[PDB]
Structure formats: structure tokens, C-alpha cells
Amino acid sequence: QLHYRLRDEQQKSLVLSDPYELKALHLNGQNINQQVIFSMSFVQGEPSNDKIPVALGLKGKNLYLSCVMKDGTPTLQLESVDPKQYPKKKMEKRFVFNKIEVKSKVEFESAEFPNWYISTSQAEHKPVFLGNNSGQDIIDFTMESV
């Protein structure tokens with residue numbers, strides 16, 4: 001388990017909001033306290049393309065990012081799991097993200113929904129979602145070790 005904070009290409013930071021939701025907003029050096037710290041771990045997965053399979057959890061919690069078909073669209077969620085079994089090496093496919101490094105920036109493609117990435121909007125206060133890299137969508141992030 002490696003720990004990190006994520007920031008989008010536009011320098012928005014990630015925070016947790018009440019309803020089990022992640023939002024990206026503009027935060028300064030002073031408001032760094034509020035950002036979500038993620039726990040990254042390697043998952044048994046497959047073939048390269050410069051991609052490493054990982055699971056993303058919330059540090060100190062039995063909460064992990066997931067992708068499921070909901071309302072006839074691939075959706076990102078935060079799922080609760082049994083704290084005695086998680087994390088594991090062989091993570092169920094829905095928790096699997098293909099980490100891609102592109103010039104110093106990182107991209108997180110869903111292993112369950114190829115071509116679907118962890119995204120942020122241009123506006124502030126919007127939730128982080130599963131996108132197909134459609135206009136305005138932001139899919140590149142910077143990772144900072146904790």
C-alpha cells in the first residue's frame with residue numbers, strides 16, 4: 001500500500017463529500033489538510049501498454065473506488081468492503097484500474113470498462129466520475145507521495 005494525494009491537470013485537489021462522493025476543487029497551500037489520501041496497491045492483472053493494474057482505497061478506510069453499470073452507463077463509486085479481507089492481491093475486476101503514465105502525468109483507465117477513465121470536470125465542486133475522455137473532461141493527474 002503506497003499513499004498519495006491526486007491533483008488534476010488543472011491543479012484541482014480531491015476531497016470527500018458526505019454522500020460517499022469525491023469532488024475536485026481549487027485549494028491553496030493552506031487548505032491541503034482536506035484532500036483525500038489514497039492507498040494504491042498492485043493487483044494481479046494483465047498485459048502492458050505501459051499499464052499497471054492497481055486498486056485505489058481511502059487511507060485508513062474500508063472504502064475503495066469501483067466501476068459498475070448503473071442507469072445504463074459505466075459509473076464510478078466508493079464501495080464498502082469487509083475490513084478483514086481487504087485489500088487482497090486478486091481484487092475483483094470492478095476495483096481494478098490500469099495506471100498509465102503519460103509524460104509525468106497519470107491516467108486511470110477502468111479494467112472493467114476499457115476506454116473509461118477516472119475524470120474531473122472543468123467547473124469546480126463537481127463530483128469525480130467515470131468518463132470516456134469526452135470534451136472538457138480531464139483525465140490526467142499528478143501523484144504526490146505521502
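Residue 1 is the first one shown; counting continues down the chain.
Determined via X-ray crystallography, 2.4 Å.
Every residue gets a Cβ built from N, Cα and C, even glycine.
In Swiss-Prot this protein carries:
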- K51: site 'Important for interaction with integrin' (SITE)
- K59: site 'Important for interaction with integrin' (SITE)
- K61: site 'Important for interaction with integrin' (SITE)
- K70: site 'Important for interaction with integrin' (SITE)
- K84: site 'Important for interaction with integrin' (SITE)
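Swiss-Prot feature annotations superimposed on the structure.
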residue	record	Cβ contacts under 8 Å, 6 or more apart
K51	site 'Important for interaction with integrin'	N98, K99, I100, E109
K59	site 'Important for interaction with integrin'	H3, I37, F38, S39, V146
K61	site 'Important for interaction with integrin'	none
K70	site 'Important for interaction with integrin'	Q77
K84	site 'Important for interaction with integrin'	none
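According to its DSSP assignment, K84 (site 'Important for interaction with integrin') is coil.
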